[PDB]
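Student: Here you go, one structure.
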Ligand code: HEM
Ligand SMILES: O=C1C[C@H]2CC[C@@H]1C2
């Protein structure tokens with residue numbers, strides 16, 4: 001299902017990439033997207049899939065488009081258009097200068113100072129989850145750790161019941177990795193239906209949770225509205241539930257397959273921070289975009305007003321111009337270049353939280369379960385979309401080689 005090429009699109013620029021079902025998926029999701037960076041592909045291409053849109057394939061263009069909010073607007077950041085149109089999360093669907101006030105608030109909730117406050121729980125949950133797994137010599141890492149670890153920390157931050165997870169998780173998944181089961185507007189509506197009562201409850205009787213803080217915040221000297229709070233929280237959920245979860249699986253899948261990388265972190269712990277950035281570069285997983293506010297010539301390609309462009313945050317760091325031997329994991333790279341957390345005014349607020357969750361996990365897992373591998377004959381399946389994921393990750397290990405702490 002390729003849409004007919006618009007008249008302004010030169011046929012030499014066509015490359016029919018399906019962000020939702022890329023051809024090389026078997027090889028891995030990063031590898032499947034990396035095809036866009038082969039010598040045969042122009043830097044800026046047009047795909048006829050998903051209704052037709054542009055894709056920037058290079059770190060250079062991605063960074064520029066991100067910096068340029070005057071031309072590339074956040075207003076409609078998701079492909080396909082219907083999804084981008086229904087998308088109304090704050091601060092993500094807004095441009096500066098309006099964005100700024102909303103960002104300052106979300107920052108109060110997810111920011112540095114919150115991490116510093118939650119540090120002991122993160123460490124506590126990580127240790128508890130691992131210890132519980134250790135003696136079993138086998139898990140489903142995605143269901144057993146990747147999911148509960150980050151999610152329970154989020155549920156804690158948000159003051160939401162663990163009971164709600166499954167429901168919330170599903171709706172979130174529909175938004176980033178649509179199934180066909182529900183349209184974006186539908187999913188969005190369901191999420192909002194969930195939240196509305198909660199926001200109401202917390203405007204009345206405020207707590208110390210993230211929702212209470214957002215529901216009663218000030219923006220541009222006045223109180224946030226119910227609709228604004230709902231739009232903020234909807235974003236917080238997607239970030240809390242769907243990002244860190246997916247990243248850990250990719251990282252763990254890699255560690256499971258590379259004994260020498262595990263060893264390196266075991267002996268040279270001082271390398272964990274560097275390694276964490278290198279995994280962020282190598283297993284980058286977000287791809288959203290922007291919308292042209294007007295006709296604009298960019299790197300000699302004529303973009304028309306209303307055109308959408310995918311600016312895959314995932315691709316910057318896989319770009320050979322940015323990182324020599326990009327598909328290779330090297331914890332001792334002199335410079336790890338990526339835009340895994342974005343670039344420009346929308347730079348990820350939760351990055352501090354995400355790095356803490358990653359680093360604790362590496363340190364704590366390796367401490368207790370230094371030697372593990374993928375279950376014999378398990379075929380690991382990746383999934384692509386706005387946020388790419390791993391379907392399941394069966395791990396196996398010998399209990400006898402683990403260490404209780
Ligand atoms: C590995 C984990 C994560 C990745 C790769 C990631 C990636 C991103 C990216 C690429 C953007 C910008 C999108 C754009 O420019 O359209 C973003 C923005 C955002 N992320 Fe993160 N994120 C992660 C974790 C989180 C977490 C855990 C939270 C909160 C619980 C979160 C909250 C946010 C918020 C609030 C923004 C919007 C900032 C603004 O618009 O000013 N993120 N993230
Ligand atoms: O809406 C979105 C922007 C990035 C963070 C969550 C999801 C991907």
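Student: Quick one: what pairs do we get from the stretch 217-238, first residue at positive phi, second part of a helix (DSSP H, G or I) and away from ligand 2 (no atom under 16 Å from the Cβ), C-beta under 9 Å, 6+ apart or different chains?
Tutor: 220/101
Student: While we're here: As an exercise: evaluate residue 403 against (1) assigned to a loop (DSSP other than H, G, I, E, B); (2) buried (at least 17 other Cβ atoms within 10 Å of the Cβ) and give the number of the one condition it does not meet.
Tutor: For residue 403, the exception is condition (2).
Residues are listed down the side, and each one gets a yes or a no for (1) within 20 Å of residue 288 (Cα to Cα); (2) part of a helix (DSSP H, G or I); (3) within 21 Å of the chain's Cα centre (by Cα):
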residue: 171; (1), (2), (3): yes, yes, yes
residue: 178; (1), (2), (3): yes, no, yes
residue: 193; (1), (2), (3): no, yes, no
residue: 207; (1), (2), (3): no, no, no
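Student: Could you check the stretch 379-403 and list, in sequence order, the residues that are more than 16 Å from ligand 2 (Cβ to nearest atom) and over 23 Å from residue 128 (Cα atoms)?
Tutor: Within the stretch 379-403, 379, 380, 381, 382, 390, 391 qualify.
Student: Where in the stretch 244-349 are there strands (runs of 3 or more DSSP E), lying fully within it, with 1 or more residues that are within 16 Å of ligand 2 (Cβ to nearest atom), in contact (Cβ under 8 Å) with a residue 12 or more places away in the chain and crowded, with 17+ Cβ neighbours inside 10 Å?
Tutor: Once the strands (runs of 3 or more DSSP E) in the stretch 244-349 are filtered for at least 1 residues that are within 16 Å of ligand 2 (Cβ to nearest atom), in contact (Cβ under 8 Å) with a residue 12 or more places away in the chain and crowded, with 17+ Cβ neighbours inside 10 Å, what remains is 288-292, 308-311.
Student: Follow-up. Could you list, in sequence order, the residues of the stretch 24-60 that are touching a helix residue (DSSP H, G or I) at 6+ places or on another chain (Cβ under 7 Å) and free of Cβ contacts under 8 Å to residues at least 40 places away in the same chain?
Tutor: Those that are touching a helix residue (DSSP H, G or I) at 6+ places or on another chain (Cβ under 7 Å) and free of Cβ contacts under 8 Å to residues at least 40 places away in the same chain: 24, 42, 45.
Student: Follow-up question, since we're still on this one. Sort out which residues of the stretch 66-94 are within 20 Å of residue 298 (Cα to Cα) and either out of contact with any strand residue (DSSP E or B) (no Cβ under 6 Å at 6 or more places or on another chain) or surrounded by fewer than 24 Cβ atoms within 10 Å (Cβ to Cβ) (or both), and write them in order of number.
Tutor: Within the stretch 66-94, 66, 67, 68, 69, 70, 71, 73, 74, 75, 76, 77 qualify.
Student: Here's a check for you: in the stretch 95-110, which residue that is closer than 22 Å to residue 155 by Cβ and touching a helix residue (DSSP H, G or I) at 6+ places or on another chain (Cβ under 7 Å) is surrounded by the fewest Cβ atoms within 10 Å (Cβ to Cβ)?
Tutor: Among those residues, the one meeting the criterion is 108.
Student: Also: Got at least one residue in the stretch 182-205 being buried (at least 17 other Cβ atoms within 10 Å of the Cβ) and either within 30 Å of residue 276 (Cα to Cα) or within 12 Å of ligand 1 (Cβ to nearest atom) (or both)?
Tutor: no
Student: Could you figure out which of (1) closer than 26 Å to residue 131 by Cα; (2) out of contact with any strand residue (DSSP E or B) (no Cβ under 9 Å at 6 or more places or on another chain) isn't true of residue 373?
Tutor: Residue 373 satisfies all of (1) closer than 26 Å to residue 131 by Cα; (2) out of contact with any strand residue (DSSP E or B) (no Cβ under 9 Å at 6 or more places or on another chain) except (2).
Student: Are there helices (runs of 4 or more DSSP H) fully within the stretch 27-135 with at least 1 residues that are within 16 Å of ligand 2 (Cβ to nearest atom)? List them.
Tutor: 29-33, 59-67, 81-86, 99-110
Coordinate-derived values only; no laboratory data. Every residue, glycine as well, gets a Cβ built from its backbone with ideal geometry; the counts of neighbours run over all protein chains shown.
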